[PDB]
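We begin with a single chain expressed as structure tokens, specifically the form deposited in one PDB entry.
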């Protein structure tokens, strides 16, 4: 199916742009959403994690205590392989299920932190969600609880803003009034619908 890659640095806010495409009926595939789904309350994988490592892995509301799991892996790198063997098949299965269940004219792929292959290996078009560097820093602090200096270190190690803008086919600035961002999404949606029709001919 016709696929648009949604990319953006940490602190771009790109998940809110993805949500706007979802509101227009577009299937959104996001590895971070899928990874959370496979360890949701009541899941066999969450049970296995808690039975191995302890009841602190489960919050009062039944969900995974993510910090407790990161602490376990930080103290015991030898458990990474077990956790991968548990979760990887589930993530792959759910990714493929979501792809096969899609009936929309095109798909939006939310590009993860790790970019080690050309985006065009999966995608027909690349949409970058751009914000000023100061905005990236502020949004990273507020979402991850890191210091400003830590945020700067994270950003310096990602692709630069100029590199991301140059690689894009389209750019959406995730700034200003939310209604204008949504109208910009709607315009890009129309472009992608037309490109999907052209590709299908």
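Only the largest set of C-alpha atoms that superpose within 1.5 Å between the two forms is called the rigid core. Shifts are known only where both forms have a C-alpha. Positions refer to the first chain, counted from 1.
- Annotation for 159 to 167 versus 61 to 69: the higher mean temperature factor (C-alpha) is found in 159 to 167.
- Between 110 to 118 and 70 to 78, it is 110 to 118 that carries the larger average Cα temperature factor according to the deposited entry.
- The entry lists C-alpha B-factors for 30, 144, 40, 51, and the highest of these is at 144.
- Set against one another, the Cα B-factors of 101, 87, 123, 127 in the record reach their highest point at 101.
- Annotation for residue 154: CA B-factor lies in the highest third of the chain's modelled residues.
- When the modelled residues of the chain are ordered by C-alpha B-factor, residue 148 sits in the middle third.
- When the CA B factors of the chain's modelled residues are split into thirds, the value for residue 176 lands in the highest one.
We do not show the form deposited in another entry, though everything after this point is about it.
- Core-superposed comparison between this form and the one not shown: the CA of residue 119 exceeds or equals a 2 Å shift.
- In the other entry, the Cα-Cα separation between residue 8 and residue 116 shrinks by 3 Å or more relative to the displayed conformation.
- Shifted stretches between this form and the one not shown, defined as 3+ consecutive common residues each with a CA displacement of 2 angstroms or more after rigid core fitting, are limited to 112 to 122.
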